[PDB]
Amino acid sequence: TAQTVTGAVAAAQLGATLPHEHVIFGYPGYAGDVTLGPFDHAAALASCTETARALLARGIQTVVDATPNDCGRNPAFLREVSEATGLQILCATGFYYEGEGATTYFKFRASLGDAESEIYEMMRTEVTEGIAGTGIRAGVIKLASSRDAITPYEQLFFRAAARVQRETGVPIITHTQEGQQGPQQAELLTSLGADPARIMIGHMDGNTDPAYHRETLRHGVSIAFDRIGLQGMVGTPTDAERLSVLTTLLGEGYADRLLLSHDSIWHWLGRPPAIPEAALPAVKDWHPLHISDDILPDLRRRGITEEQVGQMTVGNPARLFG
(Lines of atoms letter the chains of each structure in order from A and count residues from 1; the text may use other names and numbers.)
(Lines give C-alpha, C1' and ligand atoms only; values in the text may rest on other atoms or scores of the structure.)
Protein backbone atom coordinates (compact mmCIF):
# COMPACT_ATOMS: atom_id res chain seq x y z
CA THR A 1 0.00 0.00 0.00
CA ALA A 2 1.41 3.36 -1.13
CA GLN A 3 0.38 6.51 0.71
CA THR A 4 -0.46 9.40 -1.64
CA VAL A 5 -1.76 12.90 -0.92
CA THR A 6 -5.31 11.69 -1.58
CA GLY A 7 -5.10 8.48 0.44
CA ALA A 8 -3.66 4.99 0.19
CA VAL A 9 -3.57 3.23 -3.18
CA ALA A 10 -2.80 -0.41 -3.95
CA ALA A 11 0.65 -0.98 -5.42
CA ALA A 12 -1.12 -2.33 -8.51
CA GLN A 13 -2.75 1.07 -9.01
CA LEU A 14 0.51 3.04 -9.12
CA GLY A 15 1.26 2.24 -12.76
CA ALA A 16 3.97 4.09 -14.68
CA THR A 17 5.65 6.34 -12.14
CA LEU A 18 8.08 9.28 -12.18
CA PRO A 19 9.82 8.69 -8.81
CA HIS A 20 11.43 12.10 -8.34
CA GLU A 21 9.82 15.33 -9.49
CA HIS A 22 8.84 18.68 -8.00
CA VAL A 23 5.37 20.17 -8.58
CA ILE A 24 6.43 23.35 -6.75
CA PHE A 25 9.89 24.09 -5.35
CA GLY A 26 11.61 27.02 -3.69
CA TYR A 27 15.20 27.49 -2.54
CA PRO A 28 15.34 28.33 1.18
CA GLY A 29 14.84 32.08 1.53
CA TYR A 30 12.23 32.37 -1.21
CA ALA A 31 9.63 33.10 1.45
CA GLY A 32 11.55 36.21 2.45
CA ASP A 33 11.02 37.55 -1.08
CA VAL A 34 7.24 37.24 -0.77
CA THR A 35 6.57 40.89 -1.60
CA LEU A 36 7.95 40.71 -5.14
CA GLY A 37 7.87 36.93 -5.52
CA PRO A 38 4.40 35.97 -4.24
CA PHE A 39 2.71 32.65 -5.01
CA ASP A 40 0.02 33.13 -7.66
CA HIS A 41 -2.12 30.15 -6.60
CA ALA A 42 -4.55 30.16 -9.54
CA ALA A 43 -1.69 30.45 -12.04
CA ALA A 44 0.24 27.67 -10.29
CA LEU A 45 -2.83 25.44 -10.08
CA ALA A 46 -3.57 25.95 -13.77
CA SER A 47 0.01 25.28 -14.87
CA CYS A 48 0.48 22.22 -12.66
CA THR A 49 -2.86 20.61 -13.51
CA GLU A 50 -2.00 21.07 -17.19
CA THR A 51 1.30 19.24 -16.70
CA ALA A 52 -0.51 16.60 -14.63
CA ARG A 53 -2.91 16.05 -17.53
CA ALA A 54 0.00 15.92 -19.98
CA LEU A 55 1.55 13.14 -17.89
CA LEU A 56 -1.71 11.19 -17.65
CA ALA A 57 -1.87 11.40 -21.46
CA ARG A 58 1.48 9.64 -21.66
CA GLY A 59 0.42 6.76 -19.43
CA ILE A 60 2.05 8.11 -16.26
CA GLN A 61 -0.43 7.69 -13.39
CA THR A 62 1.87 8.49 -10.47
CA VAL A 63 4.46 11.07 -9.47
CA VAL A 64 6.60 11.00 -6.33
CA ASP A 65 7.10 14.61 -5.27
CA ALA A 66 10.54 14.77 -3.62
CA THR A 67 10.30 18.28 -2.22
CA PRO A 68 11.95 18.55 1.24
CA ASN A 69 10.10 20.22 4.14
CA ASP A 70 12.40 23.28 3.91
CA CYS A 71 12.12 23.75 0.14
CA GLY A 72 8.48 24.79 -0.27
CA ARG A 73 6.77 21.45 0.31
CA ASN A 74 3.01 22.00 0.31
CA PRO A 75 0.90 18.82 0.64
CA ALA A 76 -2.41 20.68 0.44
CA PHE A 77 -1.46 22.12 -2.94
CA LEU A 78 -0.27 18.74 -4.22
CA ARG A 79 -3.57 17.24 -3.07
CA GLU A 80 -5.41 19.94 -4.98
CA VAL A 81 -3.49 19.14 -8.18
CA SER A 82 -4.23 15.43 -7.66
CA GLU A 83 -7.97 15.72 -7.05
CA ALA A 84 -8.29 18.02 -10.07
CA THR A 85 -6.66 15.61 -12.53
CA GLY A 86 -6.66 12.13 -11.06
CA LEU A 87 -2.87 12.07 -11.12
CA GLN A 88 -1.61 10.23 -8.04
CA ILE A 89 1.07 12.11 -6.10
CA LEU A 90 3.10 10.96 -3.09
CA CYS A 91 4.81 13.68 -1.08
CA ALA A 92 7.85 13.46 1.19
CA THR A 93 9.06 14.17 4.73
CA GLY A 94 12.64 15.28 5.32
CA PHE A 95 15.10 18.19 5.08
CA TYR A 96 17.45 19.15 2.26
CA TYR A 97 21.21 18.67 2.37
CA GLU A 98 23.38 21.01 4.43
CA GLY A 99 24.73 22.86 1.40
CA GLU A 100 21.39 24.36 0.36
CA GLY A 101 18.83 23.61 3.06
CA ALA A 102 17.49 25.87 5.80
CA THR A 103 19.85 24.29 8.33
CA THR A 104 19.88 26.86 11.12
CA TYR A 105 16.85 25.48 12.95
CA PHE A 106 17.90 21.85 13.46
CA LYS A 107 21.57 22.72 13.89
CA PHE A 108 20.34 24.79 16.82
CA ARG A 109 18.06 22.03 18.16
CA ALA A 110 21.00 19.63 17.90
CA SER A 111 23.09 21.83 20.19
CA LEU A 112 20.40 22.12 22.87
CA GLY A 113 19.15 18.56 22.74
CA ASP A 114 18.54 15.34 20.86
CA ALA A 115 17.80 16.59 17.36
CA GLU A 116 17.76 13.03 16.00
CA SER A 117 14.80 11.99 18.16
CA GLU A 118 13.01 15.21 17.21
CA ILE A 119 13.66 14.58 13.51
CA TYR A 120 12.54 11.01 14.09
CA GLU A 121 9.30 12.19 15.71
CA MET A 122 8.59 14.59 12.84
CA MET A 123 9.12 11.92 10.16
CA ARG A 124 7.19 9.27 12.06
CA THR A 125 4.22 11.60 12.56
CA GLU A 126 4.17 12.84 8.99
CA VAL A 127 4.35 9.29 7.61
CA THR A 128 1.86 7.64 9.99
CA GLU A 129 -0.46 10.48 11.02
CA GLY A 130 -0.24 13.54 8.80
CA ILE A 131 1.42 16.83 7.91
CA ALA A 132 0.66 20.20 9.51
CA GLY A 133 -2.64 18.86 10.82
CA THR A 134 -4.02 18.12 7.36
CA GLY A 135 -4.27 14.34 7.49
CA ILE A 136 -2.09 14.23 4.39
CA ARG A 137 0.65 11.66 5.01
CA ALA A 138 4.09 11.52 3.41
CA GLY A 139 4.52 8.49 1.15
CA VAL A 140 8.30 8.63 1.24
CA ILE A 141 11.13 9.91 3.38
CA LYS A 142 13.52 12.24 1.56
CA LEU A 143 17.22 12.28 2.52
CA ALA A 144 20.04 14.37 1.06
CA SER A 145 23.80 14.61 1.50
CA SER A 146 26.59 16.96 0.40
CA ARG A 147 29.22 16.28 -2.26
CA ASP A 148 32.25 15.60 -0.08
CA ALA A 149 30.49 13.67 2.68
CA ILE A 150 27.31 12.86 4.55
CA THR A 151 27.72 15.64 7.12
CA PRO A 152 26.92 15.21 10.82
CA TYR A 153 23.91 17.46 10.25
CA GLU A 154 22.72 15.22 7.41
CA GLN A 155 23.45 12.05 9.36
CA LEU A 156 20.92 13.19 11.96
CA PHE A 157 18.29 12.72 9.26
CA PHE A 158 19.75 9.46 7.91
CA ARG A 159 19.68 7.92 11.39
CA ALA A 160 16.15 9.12 12.14
CA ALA A 161 15.01 7.90 8.72
CA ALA A 162 16.51 4.43 9.03
CA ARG A 163 14.53 4.07 12.24
CA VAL A 164 11.20 5.17 10.77
CA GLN A 165 11.87 2.84 7.83
CA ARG A 166 12.50 -0.18 10.05
CA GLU A 167 9.28 0.38 11.98
CA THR A 168 7.01 1.58 9.18
CA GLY A 169 8.55 0.08 6.06
CA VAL A 170 8.07 3.45 4.36
CA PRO A 171 10.36 3.94 1.34
CA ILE A 172 13.37 6.24 1.25
CA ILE A 173 14.48 8.31 -1.72
CA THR A 174 17.58 10.45 -1.66
CA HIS A 175 19.54 13.29 -3.17
CA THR A 176 23.23 12.86 -3.90
CA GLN A 177 25.14 16.07 -4.60
CA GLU A 178 27.28 16.27 -7.74
CA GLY A 179 27.58 12.53 -8.36
CA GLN A 180 29.01 11.49 -5.01
CA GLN A 181 28.17 9.66 -1.78
CA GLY A 182 25.90 7.10 -3.43
CA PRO A 183 27.86 4.15 -2.01
CA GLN A 184 28.07 5.85 1.41
CA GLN A 185 24.34 6.51 1.62
CA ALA A 186 23.59 2.90 0.72
CA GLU A 187 26.23 1.63 3.15
CA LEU A 188 24.98 3.88 5.95
CA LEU A 189 21.26 3.17 5.50
CA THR A 190 21.69 -0.60 5.17
CA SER A 191 24.03 -0.83 8.16
CA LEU A 192 21.28 0.88 10.16
CA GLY A 193 18.88 -1.93 9.32
CA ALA A 194 16.92 -0.08 6.65
CA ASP A 195 15.26 -2.30 4.02
CA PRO A 196 17.40 -2.04 0.84
CA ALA A 197 14.33 -3.00 -1.21
CA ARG A 198 12.70 0.26 -0.08
CA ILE A 199 15.65 2.57 -0.75
CA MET A 200 16.29 4.58 -3.90
CA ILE A 201 19.62 6.41 -4.08
CA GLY A 202 18.86 9.46 -6.22
CA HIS A 203 20.74 11.61 -8.73
CA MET A 204 22.92 8.62 -9.55
CA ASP A 205 22.99 9.81 -13.14
CA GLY A 206 25.22 12.58 -11.84
CA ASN A 207 28.18 10.21 -12.09
CA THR A 208 29.24 8.76 -15.45
CA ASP A 209 31.48 5.94 -14.14
CA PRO A 210 29.48 2.67 -14.08
CA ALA A 211 31.86 1.36 -11.41
CA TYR A 212 30.37 4.00 -9.12
CA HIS A 213 26.85 2.67 -9.77
CA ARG A 214 27.64 -1.03 -9.44
CA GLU A 215 29.53 -0.19 -6.23
CA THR A 216 26.29 1.38 -4.97
CA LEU A 217 24.06 -1.40 -6.32
CA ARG A 218 26.14 -3.86 -4.31
CA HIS A 219 24.03 -2.90 -1.27
CA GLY A 220 20.81 -4.18 -2.82
CA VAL A 221 19.38 -0.68 -3.07
CA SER A 222 17.76 0.74 -6.20
CA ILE A 223 19.31 3.74 -7.92
CA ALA A 224 17.67 6.51 -9.89
CA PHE A 225 18.75 8.34 -13.02
CA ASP A 226 16.37 11.11 -11.97
CA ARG A 227 17.72 14.24 -13.64
CA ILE A 228 17.32 13.03 -17.21
CA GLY A 229 16.91 16.13 -19.34
CA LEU A 230 19.04 18.38 -17.13
CA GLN A 231 22.20 18.58 -19.22
CA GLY A 232 24.83 20.90 -17.78
CA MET A 233 23.37 22.53 -14.67
CA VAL A 234 24.86 21.86 -11.24
CA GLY A 235 27.59 19.73 -12.83
CA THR A 236 25.20 17.19 -14.40
CA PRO A 237 26.30 15.25 -17.52
CA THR A 238 24.53 15.11 -20.89
CA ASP A 239 21.75 12.60 -21.54
CA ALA A 240 23.92 10.84 -24.11
CA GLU A 241 26.32 10.13 -21.27
CA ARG A 242 23.46 9.09 -18.95
CA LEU A 243 22.10 6.56 -21.44
CA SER A 244 25.57 5.17 -22.11
CA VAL A 245 25.96 4.24 -18.43
CA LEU A 246 22.34 3.15 -18.20
CA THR A 247 22.52 0.77 -21.17
CA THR A 248 25.71 -0.73 -19.77
CA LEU A 249 23.97 -1.41 -16.46
CA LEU A 250 20.89 -2.78 -18.21
CA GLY A 251 23.24 -5.04 -20.15
CA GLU A 252 24.47 -6.34 -16.79
CA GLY A 253 20.98 -7.29 -15.61
CA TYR A 254 20.34 -4.35 -13.27
CA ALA A 255 16.93 -3.42 -14.75
CA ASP A 256 15.20 -4.43 -11.53
CA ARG A 257 17.14 -1.79 -9.60
CA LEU A 258 17.15 1.15 -12.04
CA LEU A 259 14.58 3.98 -12.08
CA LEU A 260 14.06 7.07 -14.24
CA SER A 261 12.88 10.65 -13.60
CA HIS A 262 13.69 14.32 -14.37
CA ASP A 263 13.83 16.20 -11.03
CA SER A 264 11.74 18.81 -12.84
CA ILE A 265 10.14 21.81 -11.15
CA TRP A 266 6.70 22.57 -12.56
CA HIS A 267 6.24 25.90 -10.79
CA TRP A 268 9.02 27.78 -9.00
CA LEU A 269 8.44 29.57 -5.70
CA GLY A 270 9.83 33.09 -5.33
CA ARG A 271 10.53 35.25 -8.38
CA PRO A 272 10.62 33.27 -11.62
CA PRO A 273 14.27 32.34 -12.25
CA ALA A 274 16.10 34.23 -14.99
CA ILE A 275 17.49 31.69 -17.45
CA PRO A 276 20.48 33.06 -19.38
CA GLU A 277 20.14 31.90 -22.99
CA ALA A 278 23.58 30.33 -22.58
CA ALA A 279 21.91 27.79 -20.29
CA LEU A 280 18.92 27.28 -22.60
CA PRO A 281 20.25 24.02 -24.10
CA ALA A 282 21.04 22.62 -20.65
CA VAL A 283 17.41 23.00 -19.54
CA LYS A 284 15.70 22.54 -22.90
CA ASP A 285 14.67 18.95 -22.15
CA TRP A 286 14.41 19.45 -18.39
CA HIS A 287 10.66 18.89 -18.09
CA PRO A 288 8.48 15.86 -17.10
CA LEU A 289 7.54 14.85 -20.64
CA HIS A 290 11.13 14.19 -21.72
CA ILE A 291 11.47 10.58 -20.56
CA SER A 292 8.15 9.52 -22.12
CA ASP A 293 8.68 11.40 -25.39
CA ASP A 294 12.38 10.94 -26.04
CA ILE A 295 14.08 8.59 -23.59
CA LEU A 296 11.99 5.42 -23.54
CA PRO A 297 11.59 5.38 -27.31
CA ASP A 298 15.34 5.84 -27.66
CA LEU A 299 16.13 3.00 -25.28
CA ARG A 300 13.93 0.70 -27.34
CA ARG A 301 15.77 1.81 -30.47
CA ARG A 302 19.10 0.83 -28.94
CA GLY A 303 18.06 -2.67 -27.91
CA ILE A 304 16.37 -2.25 -24.54
CA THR A 305 13.33 -4.52 -24.37
CA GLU A 306 9.80 -3.49 -23.52
CA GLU A 307 10.05 -5.79 -20.51
CA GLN A 308 13.04 -3.85 -19.21
CA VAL A 309 11.32 -0.53 -19.78
CA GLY A 310 8.27 -1.85 -17.96
CA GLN A 311 10.55 -3.06 -15.19
CA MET A 312 12.14 0.35 -14.65
CA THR A 313 8.94 2.40 -14.97
CA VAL A 314 6.24 0.19 -13.45
CA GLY A 315 7.75 -2.91 -11.84
CA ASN A 316 10.38 -1.08 -9.80
CA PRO A 317 8.14 1.70 -8.46
CA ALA A 318 5.35 -0.73 -7.55
CA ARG A 319 7.83 -2.59 -5.35
CA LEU A 320 9.71 0.41 -3.96
CA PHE A 321 6.70 2.61 -3.17
CA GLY A 322 3.83 0.14 -3.17
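Start at 1 with the first residue shown and count on from there.
### Query
Per the PDB record, is the mean Cα temperature factor higher over 177-185 or over 68-76?
Mean B over CA atoms: larger for 177-185.
#### Entry: Higher-scoring stretch by recorded Cα B factor average, 206-214 or 220-228
Stretch with the greater average CA B-factor: 206-214.
### Task
Can you pull the Cα B-factors for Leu258, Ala31, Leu296, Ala282 from the entry and say which is highest?
Most elevated C-alpha B-factor of the set, per the entry: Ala282.
### Message
Among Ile291, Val63, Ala274, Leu269, where is the Cα B factor highest in this entry?
### Response
Of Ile291, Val63, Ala274, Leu269, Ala274 has the highest C-alpha B-factor.
### Message
By the recorded C-alpha temperature factor, relative to the other modelled residues in its chain, which third is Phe108 in?
### Response
CA B-factor rank for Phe108: highest third.
#### Entry: For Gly101, the third of its chain into which the C-alpha B factor falls
Tercile = lowest for this residue's CA B-factor.
### Message
Split into thirds by Cα B-factor across the chain's modelled residues, where does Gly169 land: lowest, middle or highest?
### Response
Middle third.
### Message
Going by the CA temperature factor in the PDB record, which third of the chain does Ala10 belong to: lowest, middle or highest?
### Response
As the PDB entry reports it, the C-alpha B-factor of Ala10 lands in the highest third of its chain.
### Task
Would you check the entry's CA temperature factor for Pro152 and let me know if it's in the chain's lowest, middle or highest third?
Within its chain, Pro152 is a middle-third residue by C-alpha B-factor, going by the deposited values.
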